[PDB]
Every structure is written in structure tokens, then in C-alpha cells.
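Undergrad: Take a look and give me a structure for this.
(chains A and B, ligands or ions: 6)
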Amino acid sequence: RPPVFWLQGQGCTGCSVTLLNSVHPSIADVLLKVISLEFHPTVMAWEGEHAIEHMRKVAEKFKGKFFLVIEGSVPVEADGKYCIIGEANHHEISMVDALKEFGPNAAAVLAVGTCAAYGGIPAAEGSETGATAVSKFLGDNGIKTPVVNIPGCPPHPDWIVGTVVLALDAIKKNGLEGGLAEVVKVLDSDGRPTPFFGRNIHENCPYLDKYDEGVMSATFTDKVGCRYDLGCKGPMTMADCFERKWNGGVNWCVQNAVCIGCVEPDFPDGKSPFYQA
Amino acid sequence: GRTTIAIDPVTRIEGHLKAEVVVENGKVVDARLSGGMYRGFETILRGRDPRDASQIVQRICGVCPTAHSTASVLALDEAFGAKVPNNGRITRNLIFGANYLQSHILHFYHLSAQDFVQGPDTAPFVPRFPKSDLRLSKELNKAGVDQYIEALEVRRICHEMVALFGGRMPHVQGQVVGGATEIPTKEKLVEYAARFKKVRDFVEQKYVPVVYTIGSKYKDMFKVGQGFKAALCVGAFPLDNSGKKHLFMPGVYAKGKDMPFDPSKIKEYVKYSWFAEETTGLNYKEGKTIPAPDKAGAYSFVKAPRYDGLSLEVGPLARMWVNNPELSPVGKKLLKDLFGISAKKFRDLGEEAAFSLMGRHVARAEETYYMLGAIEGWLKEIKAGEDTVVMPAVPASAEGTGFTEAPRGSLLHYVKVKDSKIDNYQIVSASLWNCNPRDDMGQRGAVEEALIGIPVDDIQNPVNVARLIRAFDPXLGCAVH
Ligand code: SF4
Ligand code: SF4
Ligand code: FCO
Ligand SMILES: [Cl-]
Ligand SMILES: [Fe+2]
Ligand code: NI
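TA: Residues are numbered from 1 along each chain as shown, chains lettered A, B, ... in the order given. Ligands and ions are numbered 1, 2, ... in the order given. Shown next is the protein structure:
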């Protein structure tokens, strides 16, 4: 069981909560048989320098073989001081330090959530912390470890468990190396798996006919017309929400209100204002 | 003599927290809390269409996003002059009330229960302190494990309930200025009620009884963690359309005395916080957020809010203490059977036992029970098919404040609108009240002060430190924003 360390930078813990909503039949097996979730500050038993020391001991024993889940962006301003994730040996560990320490020795990095993937809200207009996407930070620092983006704010849990499963199958068929090669074969130019983000919401939207007809809802509660005039970002968004829906299939953003393009690299600025065309 | 202990990360809370305490003769004699991560939502929100706020502010915190959504739309409703239809007010309560249930269940089992319950020999349940002070019988420990697992299903079902009129969760689409985006239909009300029934069953039969029962094996924990014994509630869950009566009525309690809540008495101090010194002591209506991460002496990205100069705590305890409702029937029975106490209303337990480490876990369990009755009330009140939203134009100039109670305590959002854009946006959140550093006058924050006196008779296994913190259910994403 390869270890997984789940590091949170500038996140809102929403990527951990969304995962806790999973109904994927594989999820318990993943966590109980496939990998070992050795470090996760929200849920793990131990704390502080003890938790950090444990992570470091496991990292050493499994150098080259462990996986990093990163949630949240990495702020580079003010020498990394806008995100301190722990302390050990009387030394504060910034998110900047943690990525430079663990980044090089991981087998791969999953950047979960639009923050980690692309900058997301902490990087948007008016921010001041140098919040940076995982892949850009690692590249800027000459760390060549492969990164897969699983974006969304938050992602659907099936996008997270789904990517682990397709990664697990690729490695079982071909090893760590052949395995990883096969997974790039299914990533788009934004580093995200085409199984979940390969299709456009609008082209597959049940209100597409209304859109083509020019019939637009004038109030959120009119569920008959297209949501375009209310601000729907479906036309510019690539996700499978239209099919799997959210929270055990009970609803989704377009039925309920509007799509805000939460999975897209320009979220939120390129998707704003949210409530105008 | 004196030992300093720094714990960073404090785990099994939301977000980035460091606690540093000094221990002398087996007790905490000083404490400092540091929120270590900053994003700066108050500045990121500047210049946007004000309607975008009710989406942006949710990413402050993925555990309590509906509290931020609610506070934001209430602020926007005021600023826009929008009259939320009766049915929209009730729908909002259904969306938000469902996450109170998720959030308290999450907190007790998935954050807190490992403080008292030993998990099995698999990560992330091991390794842990060699002397973890885990005192439960094999049977009660096994019930603890069994219920943590069941709770994983229950909390997920809560989020299903949220999503029914909410769109998805985390980060609801269903609340906007003017009300709620989707009219509850008969079918979907059947679906919400069916899930609510399974949650209700769990809270009544499993959750409230386990908190008392585990509590009964840790009676010493009712004797520590009092701090200032001062509380704030700002009101929440409007119960009619005229802003008068609320499920949780506002009030302040301090030094044995009840007084009204007047939001003009709130000031945020920054001497010990990483913000520019000239921004200290401002009410939220004049609030400024200018980060100063190199400032000498500071130790946190959390500002220090004071009420009329008082350091106050918030959360289920504060709400239940201020309001003093009837204890639940399970609590009444279990207090008698396991503690030898006959009580009828919350304050019957006494200030000392209520404002303690384990008292705060009991207040959360009780409040969860209290929330079932409110939700059942809303399920009766709601009308399938009745409009839930109005579509107001964005004003050129306005201001609004939304006050509510997040699962962790008092929350408010203030917005100033100018040239039809956000000119100022200020947030005073729950964990900002609890997990804040010293103010300009050197008075400690509520959790900092509640740490004083906490027993640490073994410096190598200092378990009670994070236990005290976890009883407040901190989320530092909320505290710092
Ligand atoms: S604009 Fe939105 S609601 Fe309209 S057809 Fe496209 S995806 Fe569907
Ligand atoms: S429908 Fe749009 S906003 Fe909603 S989760 Fe999917 S991509 Fe994100
Ligand atoms: N609950 C909650 Fe979040 C916090 N602290 C808010 O407000
Ligand atoms: Cl909430
Ligand atoms: Fe604030
Ligand atoms: Ni929160």
C-alpha cells in the first residue's frame, strides 16, 4: 500500500468534504486496501510535529513511491508566509517549503480542486498572496514530478475517485512508468482527465433546444427556459455534471440555478459576473 | 519549571492552526493561537458585481459554506431592497438547517471522536500518542467506531438534503439575492423528508446518547476549559417575514449578566495580528484588510474582535446558554442516569459545567436535537409550488449587513456598494470570535483563555491541549478568510 500525504495550502477544505460525499463503490477499498492515507490534517489521529515527523519517516521509507494529494494554491509572496502548514525542529514549514521537500520524491501529484489546479479564487483579481497553481510552482522550481489536475470548486467526488481508479488500472497493466505514460494519453491541454472533462456542458445540456429557440428564463425559478440570460457558463465549461449530477444524483447547478464554470482555468475571473450573460 | 509546547498543525479541525502553550506544575499557564494561512477574500471581493459575492464567499470555508452564503444574501437583500418571498425564506432555512446537522455530526464523530475513541491499526488512525488517555470499555469503544462509520453515511445524507434545493454541496448554487433559486416541488419535499427521517433517527438514537455516555467516562473534562465564561449570539433563522422572532434570539452574556446585542459595539483589533497597525480597532462598517506578514510581535492572520472591549466566545454553547431552551428528553434521562443530575433547561447545568471542554460537546449534541424540531417545523410550513425568489436590479449605491449563526457561532457580512460594484466587504466570522489572538490591550482570545488551567500532567503526551481546542470546533478558513 503506497502512502498518500494530503497537503492543504490555500484551500477551504471543500475538496476533502466533497470526497467524504462519495458513493463510488471503490472508495473504501481505495483507502483500506489500495493506498495508505498516512497524513491528512483534517482527519488523522496524531498532531503537530509528531504528525509531520511521521509523514517525513514514511516519505523516506517510500521515496519515489508515495503520492501527494495537494488541495489549495501555493502562495509565494512574503517568502511563503501566507501559508504555514506546520512546525517541527523549531522551524515553521510553509506550503512553499513542503512542496519543495515532498514534491521531488513523490511518484506523482494530484492537484485536486481549481485552487491547486489553476490558482482559483485565492489567485483572482484583488488578491495579494502570489497564490500559484501546483504545476506552475513545481515547474518554476525545477521539479519534474508528474502532476494530474482534478479541478472543480469543489470537484465532484467521482472525478477524484475516478482518476485514482483509472490511474490504478494503468499501473496494474504497465507498472509505475508505463502506467503514468498511459494516463497522459487521457489528459487535455489543461492536464485534466478527458473521461470527466472531455465533454462540454452546453452541447449536452437538456435545455439546449430552448437555447437554440431563444427561450430564456427571466427568473431563476422558471425551470422551463435556458439559463443563458441568467448567467449560465455552460457554453464555455467542460465537465460531466449534466450526466452524473451532484450529491447522489439529486440535483445539479444548471437545473438548480446556473453553471459558474467552476472547473475552468479562468475560474472565477473569466466566469464573472456570474449572474449576467 | 516552565515548558513551552507548540503544536502545528493542530489536526482534526478545519484549516491551519498552531497552538503554543506554557505548562507549569501540570497546568497550562499561558497560550497563543496562530491562524497560519491567509487568502484575503475581503480584498478579492472589491470591484465585483455584488451578486457574485454569494458565490465567492462560500469558498471561505467548505465545511460551513451555507453560513457564508446565508450571511451574504441577507446583506445583499438589505442593500438591494429585495423582499424575499415567504416561501423563499422557508426554503433557505431548509438548505442551511440541513448543513447544521451535517456540520455537528462531522465535528463530533469525524473530528472529535478520536480524542476519546481508539481507531483500528490502519492509517490515518495510527500512529498517535503512546499515552492517549483513551478510557472507554471495549464495548463503548466499539460503539464509538461503529457510529463513526454510520456517521459517514449520515453526514453524506445531510449533504443530499442540502443539494435538493441547494443544487450541490459544498458550495450551494441555490441561494441568491432575492431568495432561493428553485421552488420546492412535492416530489422533492418527499425526498428531503425521507432523508431527514434517517438523520433524525441517528441523532436521537446514536449521537446524543453517545456524547453523554462518553462524557460520563470523562467527568473531569467538565471542570476545565471555562475561560471568560462570556458568550455571544447574534440571532439566526428568521421565523416570520418581519425580522422580529428568530430560532436563536440574539444576546450577550458576560460576568453573570445578560444584555442585548448591539453590533455597533464590535471592533477588531490587530496589534497581535499580521495587518497594518493603522487598521486597528475598527467596527466592520469601517473595516480594512491590509496584510502585514512581517509585522513585529504579531502571531496570527486572525484579527481580534471585541464586544464593548470584551473577549467573548460563540457556537452551540453560546447559543444554547443565551437562549436557555428545554434540554432534550434523551439528555434529561442520561443526565439523571449517568450523572445523577435532574435538569430541565440548559442553564440548570450551571455556568461552570456548561462552559467547559466536554460541556461544549454536550451543547453541540443538544443543539443538533433542537435543530430537528426547527426543520420539522419548516417542513410543515413550506408550500410546494409557491415562488421563492424575486429578481432585483443591482443598485448604484447601497449598503447591507447580514447577521446569522453558523454552526460554529456568530457570523456577519457587511457590504458597501458603489458605482454598482463592491466598494467594501467585511466579514466577522464564528471562529474569528473563538480562535483569535490577543487584542491591543493584551487580553486573550476566547480559546486562548479557555486553555488556561487545562491539565497536562504528562508533557510528552499533552493530549488535553488539542482536546480543549477541538471542543470549540475551529475552522481557520472562516477565522482568517
Ligand atoms: S446556456 Fe446553460 S442552460 Fe442554456 S443550453 Fe447552455 S448549458 Fe444549458
Ligand atoms: S455544473 Fe458548472 S458550476 Fe456546477 S459543478 Fe459542474 S462545472 Fe462546476
Ligand atoms: N460554522 C462555521 Fe464558519 C466558522 N467558524 C462561519 O461563519
Ligand atoms: Cl453552514
Ligand atoms: Fe474579516
Ligand atoms: Ni467554516
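Undergrad: Run through the residues that contact residue 198.
TA: If you meant another chain, say so; for now it's chain A. A:188, A:238 (CB atoms under 8 Å, 6 or more residues apart in numbering or on different chains). For every residue, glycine as well, the C-beta is placed using N, CA and C.
Undergrad: The intended chain is chain B.
TA: By CB under 8 Å, 6+ apart, residue B:198 lies in contact with B:154, B:157.
Undergrad: In PDB, could you pull the C-alpha coordinates for the strand or helix carrying it?
TA: Per DSSP states H and E, residue B:198 falls inside helix B:186-202. Once non-C-alpha atoms are left out, helix B:186-202 reads as follows in PDB (Å, rounded to 0.1, in the frame of the first residue of the first chain):
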ATOM      1  CA  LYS B 186     -44.000  17.900  -3.800                       C
ATOM      2  CA  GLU B 187     -41.700  15.100  -5.100                       C
ATOM      3  CA  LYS B 188     -38.500  16.800  -3.900                       C
ATOM      4  CA  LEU B 189     -40.100  17.600  -0.500                       C
ATOM      5  CA  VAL B 190     -40.900  13.800  -0.200                       C
ATOM      6  CA  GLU B 191     -37.200  13.200  -0.900                       C
ATOM      7  CA  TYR B 192     -35.900  15.700   1.700                       C
ATOM      8  CA  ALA B 193     -38.400  14.400   4.400                       C
ATOM      9  CA  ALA B 194     -37.300  10.700   3.700                       C
ATOM     10  CA  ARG B 195     -33.700  11.600   4.200                       C
ATOM     11  CA  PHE B 196     -34.500  13.900   7.200                       C
ATOM     12  CA  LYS B 197     -36.200  10.900   8.900                       C
ATOM     13  CA  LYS B 198     -32.900   8.800   8.800                       C
ATOM     14  CA  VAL B 199     -30.900  11.700  10.100                       C
ATOM     15  CA  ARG B 200     -33.400  12.300  12.900                       C
ATOM     16  CA  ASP B 201     -33.200   8.600  13.900                       C
ATOM     17  CA  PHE B 202     -29.400   8.700  14.100                       C
END
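Undergrad: Now do the buried residues in it.
TA: Residues of helix B:186-202 classed as buried: B:188, B:189, B:191, B:192, B:195, B:196, B:199, B:200, B:202 (neighbour count, 16 or more other CB atoms under 10 Å in any protein chain shown).
Undergrad: what separates whichever residue of the stretch 251-400 of chain B sits closest to chain A from residue A:80, distance-wise?
TA: Residue of the stretch 251-400 of chain B nearest chain A, by CB to the nearest CB: residue B:293 (4.4 Å). According to CB to CB, to the nearest Å, residue B:293 and residue A:80 sit 10 Å apart.
Undergrad: picking up where we left off before, which of the buried residues of helix B:186-202 lies closest to residue A:147?
TA: residue B:195 (37.6 Å; CB to CB).
Undergrad: Now do the contacts for the closest one.
TA: Taking CB under 8 Å, 6+ apart as the test, what residue B:195 contacts is B:157, B:158, B:160, B:161.
Undergrad: got JSON lines for the residues you listed, with neighbour count and distance to residue A:199 too?
TA: Below are the contacts of residue B:195 laid out as JSON lines (neighbours: other CB atoms under 10 Å in any protein chain shown; distance: CB to CB, whole Å):
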{"residue": "B:157", "neighbour count": "23", "distance to residue A:199": "29"}
{"residue": "B:158", "neighbour count": "28", "distance to residue A:199": "30"}
{"residue": "B:160", "neighbour count": "25", "distance to residue A:199": "25"}
{"residue": "B:161", "neighbour count": "28", "distance to residue A:199": "29"}
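Undergrad: Closest one of the residues you listed to ligand 1?
TA: Distance to ligand 1, by CB to the nearest ligand atom, is smallest for residue B:160 among those, at 23.1 Å.
Undergrad: Where does the nearest residue to residue B:341 once chain neighbours are set aside sit: helix, strand or coil?
TA: Leaving aside its sequence neighbours, residue B:341 sits nearest to residue B:335 (CB to CB, 6 or more residues apart in numbering or on different chains; 4.4 Å). Here residue B:335 takes the helix state, with states given by DSSP: H, G, I helix; E, B strand; the rest coil.
Undergrad: how deep is residue B:335 tucked in, by neighbour count?
TA: Counted with other CB atoms under 10 Å in any protein chain shown, residues neighbouring residue B:335 total 20.
Undergrad: same question, residue B:441
TA: 11.
Undergrad: Is it in contact with residue B:311, as I believe?
TA: No: between residue B:441 and residue B:311 there is no contact under CB atoms under 8 Å: 9.5 Å.
Undergrad: Neighbours of residue 27, how many?
TA: You didn't say which chain, so I picked chain A. Neighbours of residue A:27 (other CB under 10 Å): 19.
Undergrad: looking at chain B here, not the other one
TA: 17.
Undergrad: do the same with residue A:249
TA: 12.
Undergrad: Need phi/psi at it.
TA: phi 80, psi 10 (degrees, to the nearest 10).
Undergrad: Around chain A, which positions in the stretch 351-481 of chain B sit nearby?
TA: B:387, B:388, B:389, B:391, B:466, B:475, B:477 (CB under 8 Å from any CB of the partner chain).
Undergrad: Helix, strand, or coil at residue A:68?
TA: strand.
Undergrad: Which residues are in contact with it?
TA: Residues in contact with residue A:68 (CB under 8 Å, 6+ apart) are A:4, A:5, A:7, A:102, A:103, A:106, A:108, A:109, A:110.
Undergrad: Generate TSV for those residues, with neighbour count, secondary structure and distance to residue B:300 as supplementary columns.
TA: TSV is the format used below for the contacts of residue A:68 (neighbours: other CB atoms under 10 Å in any protein chain shown; DSSP: H, G, I helix; E, B strand; the rest coil; distance: CB to CB, whole Å):
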residue	neighbour count	secondary structure	distance to residue B:300
A:4	24	strand	30
A:5	22	strand	26
A:7	25	strand	21
A:102	21	helix	26
A:103	20	helix	28
A:106	28	strand	31
A:108	16	strand	35
A:109	24	strand	30
A:110	24	strand	30
